[PDB]
Structures are given as structure tokens and as C-alpha cells.
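Structure file final19.pdb with PDB, C-alpha atoms:
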```pdb
MODEL        1
ATOM      1  CA  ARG I   1      67.993  80.149 115.850  1.00  0.00           C
ATOM      2  CA  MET I   2      69.208  80.154 112.230  1.00  0.00           C
ATOM      3  CA  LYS I   3      67.417  83.446 111.658  1.00  0.00           C
ATOM      4  CA  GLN I   4      68.943  84.923 114.869  1.00  0.00           C
ATOM      5  CA  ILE I   5      72.418  83.966 113.648  1.00  0.00           C
ATOM      6  CA  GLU I   6      71.667  85.406 110.184  1.00  0.00           C
ATOM      7  CA  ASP I   7      70.517  88.668 111.761  1.00  0.00           C
ATOM      8  CA  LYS I   8      73.618  88.790 113.983  1.00  0.00           C
ATOM      9  CA  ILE I   9      75.857  88.252 110.957  1.00  0.00           C
ATOM     10  CA  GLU I  10      74.158  91.048 109.011  1.00  0.00           C
ATOM     11  CA  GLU I  11      74.629  93.366 112.019  1.00  0.00           C
ATOM     12  CA  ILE I  12      78.333  92.561 112.217  1.00  0.00           C
ATOM     13  CA  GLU I  13      78.783  93.061 108.472  1.00  0.00           C
ATOM     14  CA  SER I  14      76.983  96.416 108.709  1.00  0.00           C
ATOM     15  CA  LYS I  15      79.322  97.548 111.477  1.00  0.00           C
ATOM     16  CA  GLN I  16      82.286  96.375 109.369  1.00  0.00           C
ATOM     17  CA  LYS I  17      81.090  98.569 106.480  1.00  0.00           C
ATOM     18  CA  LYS I  18      80.725 101.539 108.857  1.00  0.00           C
ATOM     19  CA  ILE I  19      84.309 100.939 110.020  1.00  0.00           C
ATOM     20  CA  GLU I  20      85.504 100.720 106.407  1.00  0.00           C
ATOM     21  CA  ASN I  21      83.843 104.092 105.694  1.00  0.00           C
ATOM     22  CA  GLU I  22      85.523 105.721 108.700  1.00  0.00           C
ATOM     23  CA  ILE I  23      88.914 104.334 107.582  1.00  0.00           C
ATOM     24  CA  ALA I  24      88.354 105.779 104.098  1.00  0.00           C
ATOM     25  CA  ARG I  25      87.484 109.171 105.651  1.00  0.00           C
ATOM     26  CA  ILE I  26      90.628 109.116 107.813  1.00  0.00           C
ATOM     27  CA  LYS I  27      92.797 108.217 104.840  1.00  0.00           C
ATOM     28  CA  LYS I  28      91.444 111.131 102.829  1.00  0.00           C
ATOM     29  CA  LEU I  29      92.093 113.651 105.587  1.00  0.00           C
ATOM     30  CA  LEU I  30      95.502 112.173 106.330  1.00  0.00           C
ATOM     31  CA  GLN I  31      96.345 112.681 102.633  1.00  0.00           C
ATOM     32  CA  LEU I  32      95.445 116.354 102.930  1.00  0.00           C
ATOM     33  CA  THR I  33      97.688 116.754 105.932  1.00  0.00           C
ATOM     34  CA  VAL I  34     100.600 115.081 104.116  1.00  0.00           C
ATOM     35  CA  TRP I  35     100.133 117.531 101.252  1.00  0.00           C
ATOM     36  CA  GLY I  36      99.971 120.475 103.711  1.00  0.00           C
ATOM     37  CA  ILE I  37     103.216 119.393 105.380  1.00  0.00           C
ATOM     38  CA  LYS I  38     104.917 119.102 101.954  1.00  0.00           C
ATOM     39  CA  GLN I  39     103.886 122.667 101.077  1.00  0.00           C
ATOM     40  CA  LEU I  40     104.990 124.086 104.410  1.00  0.00           C
ATOM     41  CA  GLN I  41     108.359 122.331 104.225  1.00  0.00           C
ATOM     42  CA  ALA I  42     108.945 123.646 100.694  1.00  0.00           C
ATOM     43  CA  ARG I  43     108.388 127.170 101.948  1.00  0.00           C
ATOM     44  CA  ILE I  44     110.729 126.639 104.924  1.00  0.00           C
ATOM     45  CA  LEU I  45     113.521 125.262 102.714  1.00  0.00           C
TER      46      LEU I  45
ATOM     47  CA  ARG L   1      77.439  74.059 118.411  1.00  0.00           C
ATOM     48  CA  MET L   2      75.071  76.942 119.225  1.00  0.00           C
ATOM     49  CA  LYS L   3      77.285  77.905 122.148  1.00  0.00           C
ATOM     50  CA  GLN L   4      80.426  77.724 119.928  1.00  0.00           C
ATOM     51  CA  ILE L   5      78.784  80.077 117.428  1.00  0.00           C
ATOM     52  CA  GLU L   6      77.684  82.413 120.252  1.00  0.00           C
ATOM     53  CA  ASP L   7      81.235  82.487 121.608  1.00  0.00           C
ATOM     54  CA  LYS L   8      82.646  83.146 118.123  1.00  0.00           C
ATOM     55  CA  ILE L   9      80.208  86.024 117.637  1.00  0.00           C
ATOM     56  CA  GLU L  10      81.156  87.593 120.973  1.00  0.00           C
ATOM     57  CA  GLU L  11      84.847  87.325 120.000  1.00  0.00           C
ATOM     58  CA  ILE L  12      84.226  89.063 116.682  1.00  0.00           C
ATOM     59  CA  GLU L  13      82.184  91.809 118.345  1.00  0.00           C
ATOM     60  CA  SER L  14      84.966  92.322 120.903  1.00  0.00           C
ATOM     61  CA  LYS L  15      87.529  92.722 118.131  1.00  0.00           C
ATOM     62  CA  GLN L  16      85.170  95.170 116.386  1.00  0.00           C
ATOM     63  CA  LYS L  17      85.032  97.289 119.562  1.00  0.00           C
ATOM     64  CA  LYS L  18      88.847  97.221 119.799  1.00  0.00           C
ATOM     65  CA  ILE L  19      89.007  98.423 116.181  1.00  0.00           C
ATOM     66  CA  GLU L  20      86.473 101.173 116.923  1.00  0.00           C
ATOM     67  CA  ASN L  21      88.653 102.340 119.842  1.00  0.00           C
ATOM     68  CA  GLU L  22      91.772 102.455 117.659  1.00  0.00           C
ATOM     69  CA  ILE L  23      89.871 104.470 115.014  1.00  0.00           C
ATOM     70  CA  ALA L  24      88.755 106.937 117.699  1.00  0.00           C
ATOM     71  CA  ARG L  25      92.380 107.266 118.894  1.00  0.00           C
ATOM     72  CA  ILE L  26      93.617 107.895 115.339  1.00  0.00           C
ATOM     73  CA  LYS L  27      90.939 110.509 114.747  1.00  0.00           C
ATOM     74  CA  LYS L  28      91.923 112.391 117.887  1.00  0.00           C
ATOM     75  CA  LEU L  29      95.601 112.485 116.970  1.00  0.00           C
ATOM     76  CA  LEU L  30      94.826 113.366 113.367  1.00  0.00           C
ATOM     77  CA  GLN L  31      92.807 116.330 114.699  1.00  0.00           C
ATOM     78  CA  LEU L  32      95.839 117.528 116.639  1.00  0.00           C
ATOM     79  CA  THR L  33      97.996 117.347 113.553  1.00  0.00           C
ATOM     80  CA  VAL L  34      95.445 119.329 111.519  1.00  0.00           C
ATOM     81  CA  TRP L  35      95.492 122.015 114.204  1.00  0.00           C
ATOM     82  CA  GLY L  36      99.332 122.010 114.231  1.00  0.00           C
ATOM     83  CA  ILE L  37      99.462 122.453 110.454  1.00  0.00           C
ATOM     84  CA  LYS L  38      96.975 125.365 110.678  1.00  0.00           C
ATOM     85  CA  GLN L  39      99.175 127.118 113.253  1.00  0.00           C
ATOM     86  CA  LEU L  40     102.364 126.576 111.286  1.00  0.00           C
ATOM     87  CA  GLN L  41     100.783 127.835 108.064  1.00  0.00           C
ATOM     88  CA  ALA L  42      99.497 130.966 109.821  1.00  0.00           C
ATOM     89  CA  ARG L  43     103.018 131.733 110.965  1.00  0.00           C
ATOM     90  CA  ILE L  44     104.443 131.138 107.468  1.00  0.00           C
ATOM     91  CA  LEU L  45     101.868 133.435 105.831  1.00  0.00           C
TER      92      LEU L  45
ATOM     93  CA  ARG F   1      74.092  75.159 107.436  1.00  0.00           C
ATOM     94  CA  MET F   2      76.905  74.736 109.983  1.00  0.00           C
ATOM     95  CA  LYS F   3      79.442  74.879 107.170  1.00  0.00           C
ATOM     96  CA  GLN F   4      77.764  78.023 105.712  1.00  0.00           C
ATOM     97  CA  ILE F   5      78.015  79.721 109.108  1.00  0.00           C
ATOM     98  CA  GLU F   6      81.656  78.606 109.469  1.00  0.00           C
ATOM     99  CA  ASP F   7      82.459  80.027 106.036  1.00  0.00           C
ATOM    100  CA  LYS F   8      80.671  83.294 106.873  1.00  0.00           C
ATOM    101  CA  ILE F   9      82.646  83.592 110.109  1.00  0.00           C
ATOM    102  CA  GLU F  10      85.959  83.030 108.319  1.00  0.00           C
ATOM    103  CA  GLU F  11      84.996  85.732 105.785  1.00  0.00           C
ATOM    104  CA  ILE F  12      84.213  88.217 108.546  1.00  0.00           C
ATOM    105  CA  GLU F  13      87.456  87.422 110.371  1.00  0.00           C
ATOM    106  CA  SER F  14      89.394  87.893 107.120  1.00  0.00           C
ATOM    107  CA  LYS F  15      87.826  91.311 106.604  1.00  0.00           C
ATOM    108  CA  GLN F  16      88.660  92.174 110.233  1.00  0.00           C
ATOM    109  CA  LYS F  17      92.328  91.329 109.582  1.00  0.00           C
ATOM    110  CA  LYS F  18      92.292  93.497 106.434  1.00  0.00           C
ATOM    111  CA  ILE F  19      90.879  96.359 108.526  1.00  0.00           C
ATOM    112  CA  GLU F  20      93.550  95.806 111.189  1.00  0.00           C
ATOM    113  CA  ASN F  21      96.242  96.037 108.481  1.00  0.00           C
ATOM    114  CA  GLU F  22      94.815  99.301 107.133  1.00  0.00           C
ATOM    115  CA  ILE F  23      94.722 100.748 110.678  1.00  0.00           C
ATOM    116  CA  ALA F  24      98.376  99.774 111.169  1.00  0.00           C
ATOM    117  CA  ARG F  25      99.268 101.469 107.851  1.00  0.00           C
ATOM    118  CA  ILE F  26      97.417 104.654 108.849  1.00  0.00           C
ATOM    119  CA  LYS F  27      99.131 104.729 112.226  1.00  0.00           C
ATOM    120  CA  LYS F  28     102.555 104.469 110.622  1.00  0.00           C
ATOM    121  CA  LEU F  29     101.907 107.319 108.206  1.00  0.00           C
ATOM    122  CA  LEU F  30     100.291 109.429 110.907  1.00  0.00           C
ATOM    123  CA  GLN F  31     103.486 108.957 112.956  1.00  0.00           C
ATOM    124  CA  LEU F  32     105.542 110.306 110.067  1.00  0.00           C
ATOM    125  CA  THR F  33     103.342 113.355 109.808  1.00  0.00           C
ATOM    126  CA  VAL F  34     103.641 114.025 113.554  1.00  0.00           C
ATOM    127  CA  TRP F  35     107.420 113.880 113.209  1.00  0.00           C
ATOM    128  CA  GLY F  36     107.297 116.221 110.168  1.00  0.00           C
ATOM    129  CA  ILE F  37     105.201 118.760 112.077  1.00  0.00           C
ATOM    130  CA  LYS F  38     107.661 118.626 115.017  1.00  0.00           C
ATOM    131  CA  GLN F  39     110.580 119.379 112.682  1.00  0.00           C
ATOM    132  CA  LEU F  40     108.786 122.215 110.927  1.00  0.00           C
ATOM    133  CA  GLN F  41     107.733 123.802 114.218  1.00  0.00           C
ATOM    134  CA  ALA F  42     111.303 123.618 115.545  1.00  0.00           C
ATOM    135  CA  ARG F  43     112.500 125.510 112.498  1.00  0.00           C
ATOM    136  CA  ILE F  44     109.745 128.135 112.861  1.00  0.00           C
ATOM    137  CA  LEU F  45     110.541 128.721 116.550  1.00  0.00           C
TER     138      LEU F  45
ENDMDL
END
```
Let me see the structure of the file written as C-alpha cells.
Amino acid sequence: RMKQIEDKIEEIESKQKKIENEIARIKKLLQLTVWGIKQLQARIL
Amino acid sequence: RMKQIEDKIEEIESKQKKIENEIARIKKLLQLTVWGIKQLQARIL
Amino acid sequence: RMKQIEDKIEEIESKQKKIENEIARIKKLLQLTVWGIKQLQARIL
């Protein structure tokens, strides 16, 4: 039972890391879009 | 105690799934904004 | 062992809350970019 719990915890932590990676990927792309909007606005103004 | 731990684990996994859903929703909207920026830039150029 | 598991669970839940905060931050910024795109498109049209 202890080993089952330990395995379950490792699984959850692995999923958490996957989620963290996805968040990092979204942040990077979101930063590119912010930059793109700034450039387009500067042209429009 | 085993049952309490099992319940706690299910709760955590449920929250993880909720988080995964939110990430998926953000990715979809972010994709729309990327497309919108591409169309606006093409008009500006 | 029970205490180790309890500590591990608290750690995981704390990370989950951190993730939730980051998601909330991304959503807010994404909302600003959606608004910016709407304003730029209205000028272009």
C-alpha cells in the first residue's frame, strides 16, 4: 500500500510538471502576440 | 486512513483535470488571437 | 509515514494553487490582447 501511494504521488507530480511545461509554452506564445499587437498598433497610430 | 488518502488523491486528480481543461480553453483562444494578428498584419502590409 | 504522506499532499496542493494563479494571470493578459485586437480591427475596417 505504501508503494502504491508512492507511485500515485509520482504520477501526480509528473502530470504537474507536464502542466507547468504547457503553461510555460503558453506564456511564451502569449508574449509573442503581445509584441505583435504592439507593432501593429504603432503602425496604425 | 487509507480511504482518506484515496479520497485526497481523487480530489487532487480532479483538480488536475480541471486545470487541464482550462489550459485547453486558453490554448484555443490564444490560437484565435494568433490568427487575428496574422490577418491584421496582412492588411497592414 | 502518515505525516510524510500528509506533507507530500500539502506540497502538491500548494503547487496546484501556484498553477491556478498562473492560469488566472494568463487569462487576464489574454483578455487584454483580445481587446487590443478588437480595437485594431475596428480601425482597419
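Any residue of chain I with an atom within 10 Å of chain F counts; using all atoms listed in the file, that gives residues 2, 5, 6, 9, 12, 13, 16, 17, 19, 20, 23, 24, 26, 27, 30, 31, 33, 34, 36, 37, 38, 40, 41, 44 and 45 of chain I.
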Å distance separating atom CA of residue 21 of chain I from atom CA of residue 14 of chain L, one decimal place: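 Those two atoms sit 19.3 Å apart.
You will find atom CA of residue 3 of chain F at 18.8 Å from atom CA of residue 10 of chain L.
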Would you kindly place N, CA and C atoms on segment 10-43 of chain F and return the model as a short mmCIF file (atom, residue, chain, number, x, y, z; two decimals), in the frame of the given file?
```cif
data_model
loop_
_atom_site.label_atom_id
_atom_site.label_comp_id
_atom_site.auth_asym_id
_atom_site.auth_seq_id
_atom_site.Cartn_x
_atom_site.Cartn_y
_atom_site.Cartn_z
N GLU F 10 84.61 82.88 108.85
CA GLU F 10 85.96 83.03 108.32
C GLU F 10 86.06 84.28 107.45
N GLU F 11 85.03 84.55 106.65
CA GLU F 11 85.00 85.73 105.78
C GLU F 11 85.06 87.01 106.61
N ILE F 12 84.29 87.05 107.68
CA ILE F 12 84.21 88.22 108.55
C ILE F 12 85.56 88.43 109.23
N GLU F 13 86.15 87.35 109.72
CA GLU F 13 87.46 87.42 110.37
C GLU F 13 88.54 87.88 109.40
N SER F 14 88.43 87.48 108.14
CA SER F 14 89.39 87.89 107.12
C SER F 14 89.30 89.38 106.83
N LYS F 15 88.07 89.89 106.77
CA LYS F 15 87.83 91.31 106.60
C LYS F 15 88.35 92.10 107.80
N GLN F 16 88.14 91.57 109.01
CA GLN F 16 88.66 92.17 110.23
C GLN F 16 90.18 92.32 110.19
N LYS F 17 90.87 91.29 109.71
CA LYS F 17 92.33 91.33 109.58
C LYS F 17 92.79 92.38 108.57
N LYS F 18 92.07 92.48 107.46
CA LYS F 18 92.29 93.50 106.43
C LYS F 18 92.17 94.89 107.05
N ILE F 19 91.11 95.09 107.83
CA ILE F 19 90.88 96.36 108.53
C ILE F 19 92.02 96.66 109.49
N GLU F 20 92.44 95.66 110.26
CA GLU F 20 93.55 95.81 111.19
C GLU F 20 94.82 96.24 110.47
N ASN F 21 95.06 95.70 109.27
CA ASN F 21 96.24 96.04 108.48
C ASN F 21 96.20 97.49 108.03
N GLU F 22 95.02 97.93 107.59
CA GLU F 22 94.82 99.30 107.13
C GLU F 22 95.04 100.27 108.29
N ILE F 23 94.53 99.93 109.47
CA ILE F 23 94.72 100.75 110.68
C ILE F 23 96.20 100.88 110.99
N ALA F 24 96.94 99.78 110.92
CA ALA F 24 98.38 99.77 111.17
C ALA F 24 99.10 100.68 110.17
N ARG F 25 98.66 100.66 108.92
CA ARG F 25 99.27 101.47 107.85
C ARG F 25 99.01 102.96 108.12
N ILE F 26 97.79 103.27 108.53
CA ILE F 26 97.42 104.65 108.85
C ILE F 26 98.22 105.14 110.03
N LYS F 27 98.38 104.32 111.06
CA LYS F 27 99.13 104.73 112.23
C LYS F 27 100.57 105.04 111.86
N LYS F 28 101.16 104.26 110.97
CA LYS F 28 102.56 104.47 110.62
C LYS F 28 102.72 105.81 109.90
N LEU F 29 101.80 106.10 109.00
CA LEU F 29 101.91 107.32 108.21
C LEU F 29 101.62 108.51 109.09
N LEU F 30 100.64 108.37 109.97
CA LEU F 30 100.29 109.43 110.91
C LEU F 30 101.51 109.75 111.77
N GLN F 31 102.26 108.74 112.20
CA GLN F 31 103.49 108.96 112.96
C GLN F 31 104.52 109.77 112.18
N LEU F 32 104.63 109.50 110.89
CA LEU F 32 105.54 110.31 110.07
C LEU F 32 105.09 111.72 110.00
N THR F 33 103.78 111.95 109.91
CA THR F 33 103.34 113.36 109.81
C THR F 33 103.56 114.10 111.13
N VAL F 34 103.40 113.42 112.26
CA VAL F 34 103.64 114.02 113.55
C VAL F 34 105.11 114.46 113.64
N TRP F 35 106.01 113.57 113.24
CA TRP F 35 107.42 113.88 113.21
C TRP F 35 107.67 115.08 112.29
N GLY F 36 107.06 115.11 111.11
CA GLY F 36 107.30 116.22 110.17
C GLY F 36 106.85 117.54 110.78
N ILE F 37 105.70 117.55 111.43
CA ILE F 37 105.20 118.76 112.08
C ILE F 37 106.18 119.20 113.18
N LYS F 38 106.73 118.27 113.96
CA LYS F 38 107.66 118.63 115.02
C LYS F 38 108.90 119.30 114.41
N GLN F 39 109.39 118.76 113.29
CA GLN F 39 110.58 119.38 112.68
C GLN F 39 110.28 120.77 112.12
N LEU F 40 109.12 120.92 111.49
CA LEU F 40 108.79 122.22 110.93
C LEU F 40 108.59 123.26 112.02
N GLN F 41 107.91 122.87 113.10
CA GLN F 41 107.73 123.80 114.22
C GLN F 41 109.08 124.22 114.81
N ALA F 42 110.01 123.27 114.95
CA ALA F 42 111.30 123.62 115.54
C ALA F 42 112.04 124.61 114.68
N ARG F 43 111.90 124.50 113.37
CA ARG F 43 112.50 125.51 112.50
C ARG F 43 111.84 126.88 112.64
#
```
